[PDB]
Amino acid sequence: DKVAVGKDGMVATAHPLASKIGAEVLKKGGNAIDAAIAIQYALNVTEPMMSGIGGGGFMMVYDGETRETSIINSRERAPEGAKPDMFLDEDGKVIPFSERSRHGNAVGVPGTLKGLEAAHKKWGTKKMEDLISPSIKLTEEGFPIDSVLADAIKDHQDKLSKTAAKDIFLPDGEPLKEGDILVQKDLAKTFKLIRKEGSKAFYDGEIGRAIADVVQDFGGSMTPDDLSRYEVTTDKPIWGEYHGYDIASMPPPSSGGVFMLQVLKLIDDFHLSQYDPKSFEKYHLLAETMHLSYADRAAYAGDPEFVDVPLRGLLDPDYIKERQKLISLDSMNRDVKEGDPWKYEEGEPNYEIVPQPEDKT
């Protein structure tokens, strides 16, 4: 079921049980937003390593009625107790990734549930209870785990062994393997609380309190006041033109939209389909282009509530033409650094350019 066709609706997800649940919402006359909410709950249960109400996301919605594109932004927020140097040791050295990525200081205030409710309020036509219930069933009665979840449990067993996860995912100190039934009674109970009370159980309730308590147990600063402060935002897409199409993508606080658009603007003039898709020329020009866009990303991108990202400058056609002068089949560019997109818009950055060690993942 890698490819599908349908007259009246389409679902594509990373888990077949989540795709089936999404499809069923559309089969019962729910809209794409109804189905997407059902899908997030189902992935939370079936692909628990990748996403869920412990995290955050960017949900882009094109509204077929208003013809407006908007994004429900449930990106997590640092708690009030976070400090700029909290990932440095007392000698100012970066704490290794395998240590800091497992510490309570790493946990952002989760937004995913807030985002599902914001989406539901705006576009929802099914009762929230109809959308969460298929996931309660999978959590309650269990499902046989897929190869990617079995591989994930195996690869992350060190991390999972030191937390309350070991009891569900490492039974008898052994990783669940493909086909084993994963039963998540406590997750079913959490979904039942949300089904009964809605998100106040999370952001102003016993789930929020338990989150704050375990974050503090692992050395983090998050309190119930951090959870009660949290709200999602609604973003407009960043737009770019490519090849006769208009592309809507994710603005800051993602780097994704602007740098995906910047790469397409930088390579468009190279007409890459003159070269075989597996040619030296295509791979070389993409590598040279990525080096420039990722260098800009490391210097210029952050939360636009805190810092000014030069979006106009980064996509300016003269900035594009200046950066293209570094991209060539004649050689590899060994002097890769951010450009100066501030040269092409009003104002100045309110930050320094601070080199970071290459240590994430």
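Don't overthink the numbering: it's just position in the shown sequence, from 1.
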Per the entry, where is the mean C-alpha temperature factor higher: 46-54 or 323-331? 323-331
Could you check which stretch, 270-278 or 136-144, carries the larger mean CA temperature factor in the entry? 136-144
Choose from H291, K114, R75, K200 the residue with the greatest Cα B-factor as stated in the PDB record. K200
Would you mind finding, among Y245, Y283, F169, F259, the residue with the largest C-alpha temperature factor in the entry? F169
Can you tell me which third, lowest, middle or highest, the CA B-factor of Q157 falls into for its chain? highest
Here the Cα B-factor of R297, set against its chain, lands in the third termed lowest
Could you tell me which third, lowest, middle or highest, the C-alpha B-factor of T13 occupies within its chain? lowest
For the chain shown, is the CA B-factor of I39 in the lowest, middle or highest third of its modelled residues? lowest
Among the modelled residues of its chain, the C-alpha B-factor of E65 falls in the third labelled highest
